[PDB]
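Okay, structure first, notes after.
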Amino acid sequence: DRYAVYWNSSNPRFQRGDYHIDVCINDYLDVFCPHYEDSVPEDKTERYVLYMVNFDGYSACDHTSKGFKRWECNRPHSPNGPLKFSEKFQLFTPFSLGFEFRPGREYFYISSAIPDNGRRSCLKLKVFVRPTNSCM
Amino acid sequence: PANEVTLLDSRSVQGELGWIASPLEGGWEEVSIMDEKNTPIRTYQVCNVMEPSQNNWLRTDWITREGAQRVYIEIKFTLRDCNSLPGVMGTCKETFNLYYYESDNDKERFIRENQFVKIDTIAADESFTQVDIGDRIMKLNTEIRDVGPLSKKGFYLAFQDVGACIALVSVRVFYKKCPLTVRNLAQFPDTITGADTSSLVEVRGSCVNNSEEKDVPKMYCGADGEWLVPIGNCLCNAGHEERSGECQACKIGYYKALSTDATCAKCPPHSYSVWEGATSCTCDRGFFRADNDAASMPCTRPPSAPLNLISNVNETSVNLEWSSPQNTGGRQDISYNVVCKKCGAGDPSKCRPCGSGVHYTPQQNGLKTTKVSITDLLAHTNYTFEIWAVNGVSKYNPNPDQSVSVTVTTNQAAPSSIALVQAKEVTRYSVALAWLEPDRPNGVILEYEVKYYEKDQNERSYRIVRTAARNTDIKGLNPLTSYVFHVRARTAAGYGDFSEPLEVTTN
């Protein structure tokens, strides 16, 4: 039911590039920011700003006039382990800005480094919502 | 952002809110969406409009009162119109219930679903999102609800969904406060509001360290979070001015002796400037001020000795005469002290003071009259009297450097009448005069007096000139008029006698 994704370059799934997840209606997605110990001098530390882009933004790694700002991995030294961000794959959202999800469609996510990549290659995640026939 | 102190906030939370939801699955969800600019918030959403029967609970963490009476809750929420969404009417709702429970236990494991106290069923006022299908626009509805009075240590908050599609954006938990203000020279501290919106708190604030409470200072703490019109005024202490709302010290060259509404007055004439925050401007060397004298008065000088002295002797008594002193200094209170020395008898300076009971008819010492009389004296003895000019400040000031004195003898007779008088130069405007010293002086001759009165005419005013020399003249006299003159000898002994009536007619 719940899907856990650790957002870091050290992860073997992200290194492939073709990292995709098959999700159903009313399912959850948990994104974990890269957590580092106090001994780290914050130089090797990774910090990313997440964006929800389209198919054009997925291949070109651009978020300007193509996507919207989602979450930010600003402080790596969080008290209760890594920073957790929740995303529900609901059909209808009660919140005014809250993102809706449709069955049998693809949704894309990208991340840009704060210090940087230089528009060469970005850490990307492909999200596909399975139709009503596939989900029970 | 406001002056109100916050207790619980969705923005201020360290990482996750961590709120207990009953049921856990299919209930309230911690779906977090970022708000502009760079602000992470924990958003609680629920949309179970389809299912027939709906019951939902969302309990907040421990909220401490921190000495508060009434707490104001501000909830930011997004809704969905039941007609705009497909489904049966009634299953979907547009209202949600709010609950609160008072507790003393810090970390409570579980709070009963029945023990909660309902506040109000909240709906989105004024407008609510449907939401519009064409374009997506954020809501601007924020609902406020008050809760009080509170008795226990703290409280817990809950939310109830009756089948609505609701998204709780931000939950602001604050309590209304009166600011720390210094009005009417008195300090007033930060105070909590009353148990009700009608309630007011009487705040009696203490005055500044360099001030004294003339009237009891008090104010009223309004429920809105603002101070009311002051009752009672405070005035700054002596040597401190009532400027800038806080007690300030008097500048270098300024003073304040009494706690009055007036500012620090400048140092009076001839007064030395003291340091910052002076009670009274100190008197510089050579100038002083009396203990019973006012602080506003300038520094006064001691008096000079009276310049002229006239002495007259009797068989057993003596009379002394003197005029006003040259320099008063400033003070009007001038008295005269008569001191007996008895140094006249004998040539050396070393002498014995007047130990015997010397009686005085006007006053012994501190005489306000310009004339003194000594009733008793010893015959054949040489005495010396010192007329001391005493001021009201002369005691506080150093003893006067000099005092005009005269050496006189009791037994010695007054000088006799002058033998002859002769006019040396007679003109139409001026008449010169020359005379001999009396046959029997009985002491050293000090002064000569000449009388001037009209003859063969009406009794005029007899003019008397004072000359130490035996030769004198007159300026401004009418021609062809007869005048009579009299020369009188004056010594330390006393009053002499009139001379030969010399009839001299103008040329």
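Can you order the peptides B:320-327, B:407-414 by their average number of other Cβ atoms within 10 Å per residue, highest first?
The densest-packed peptide leads the list: B:407-414, B:320-327.
Neighbour counts of other C-beta atoms within 10 Å: give me A:110, B:474, B:144 arranged from fewest to most.
Exposure proxy ranking, most exposed first: B:144, B:474, A:110.
Which shape class, rounded, prolate or oblate, goes with the protein assembly as shown when its Cα gyration tensor gives a ≥ b ≥ c as root eigenvalues, a/c under 1.5 marks rounded, and past that a/b bigger than b/c marks prolate?
prolate
What is the fewest-to-most order of B:207, B:165 by other Cβ atoms lying within 10 Å of their Cβ?
B:207, B:165
Which translational diffusion coefficient, to the nearest whole µm²/s, is obtained for the stretch B:225-348 from the Stokes-Einstein equation, given a Kirkwood hydrodynamic radius over C-alpha pairs, 10 °C and 1.306 mPa s?
Diffusion coefficient, whole number: 82 µm²/s.
What residues qualify as long-range amide H neighbours of residue B:426, i.e. H under 5 Å apart, gap of 5 or more or another chain, H built at 1.01 Å from N?
Here the answer is B:432, since their amide H atoms fall under 5 Å of that of residue B:426.
Averaging the inverse of every distinct alpha carbon separation and then flipping it gives the Kirkwood radius. What is it for the stretch B:403-497, in angstrom units?
Kirkwood hydrodynamic radius for the stretch B:403-497: 14.8 Å.
Over all directions, the average projected area of the alpha-carbon convex hull for the stretch B:1-176 comes to how many nm²?
11.2 nm²
For chain A, would you read off the P(r) tail past 23 Å as a percentage of all alpha carbon pairs?
Tail of P(r) above 23 Å: 36 percent of Cα pairs.
The stretch B:400-507: which GluC sites (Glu not before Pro) are DSSP loop and have at most 11 other beta-carbon atoms within 10 angstrom?
Passing both the DSSP loop test and the Cβ count: B:425, B:459.
Alpha carbon centre of the stretch B:366-430 versus the stretch B:166-217: separation in Å?
What the calculation gives is 80 Å, centre to centre.
Once every DSSP H run of n ≥ 4 in the protein assembly as shown is given -39500 (n - 2.57) and the sum is divided by its residues, what mean residue ellipticity at 222 nm do you get, rounded to the nearest 500 deg cm²/dmol?
The helix contribution divided over the protein assembly as shown gives -500 deg cm²/dmol.
Residue B:465's amide H: which non-local residues (gap 5+, or another chain) put their own amide H closer than 5 Å, with H modeled 1.01 Å from N in plane and none for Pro or chain starts?
B:450
Sorted by packing (mean other beta-carbon atoms within 10 Å per residue), highest first, where do B:106-119, B:383-396, B:87-100 land?
Ranking, from highest mean packing down: B:383-396, B:87-100, B:106-119.
When the dipole is taken about the Cα centre of chain A, and only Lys, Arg (+1) and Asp, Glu (-1) are charged at their Cβ, what size is it in debye, to the nearest 20?
In debye, rounded to 20, chain A gives about 320.
Cβ neighbours within 10 Å, averaged per peptide: list A:33-41, B:237-245 in order, most packed at the top.
By packing density, highest mean first, the sequence is B:237-245, A:33-41.
Given 20 °C and 1.002 mPa s, compute D for chain B with the Stokes-Einstein relation, Rh being the Kirkwood radius over Cα pairs; round to the nearest whole µm²/s.
So the translational diffusion coefficient is about 63 µm²/s.
If you take every residue apart from residue B:192 with its C-beta less than 14 Å away from the C-beta of residue B:192, what net charge results, scoring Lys and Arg +1 and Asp and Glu -1?
Summing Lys/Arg as +1 and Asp/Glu as -1 gives -3.
So which trypsin sites (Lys or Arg not before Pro) in the stretch A:1-55 are both in a DSSP loop and have at most 12 other Cβ atoms within 10 Å of their Cβ?
A:44
Roughly how many debye, to the nearest 20, is the charge dipole of the stretch B:177-233 about its Cα centre, given +1 on each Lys and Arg Cβ, -1 on each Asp and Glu Cβ, and no other charges?
Result for the stretch B:177-233 is approximately 100 debye, rounded to the nearest 20.
Explain nothing, just the number: dipole magnitude of the stretch B:361-507 about its Cα centre with +1 on each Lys and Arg Cβ and -1 on each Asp and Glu Cβ, in debye rounded to the nearest 20.
360 debye
Give me the mean projected area, in nm² to one decimal, of the convex hull enclosing the Cα positions of the stretch B:20-72.
The number I arrive at for the stretch B:20-72 is 6.1 nm².
Using the Karplus curve 6.51 cos²θ - 1.76 cosθ + 1.60 with θ = phi - 60°, what ³J(HN,Hα) values do you get for each residue of the stretch B:368-380, in whole Hz, with x for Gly and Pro?
Each residue's phi maps through the Karplus curve to give 7, 8, 7, 10, 10, 9, 9, 5, 10, 8, 8, 5, 6 Hz.
For the stretch B:1-80 and the stretch B:290-353, write down the distance between their C-alpha centroids in whole Å.
Taking the Cα centre of the stretch B:290-353 as reference, the centre of the stretch B:1-80 is 97 Å away.
Local charge sum around residue B:176 (other residues, Cβ-Cβ under 15 Å, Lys/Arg +1, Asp/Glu -1)?
-3
How large is the direction-averaged shadow of the alpha-carbon convex hull of the stretch B:192-238, in nm²?
So the Cα hull casts an average projection of 3.6 nm².
All Cβ positions, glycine included, derive from the backbone under ideal geometry; neighbour counts span all protein chains shown. Every number in this text was worked out from the coordinates using simple rules, so none of it is lab data.
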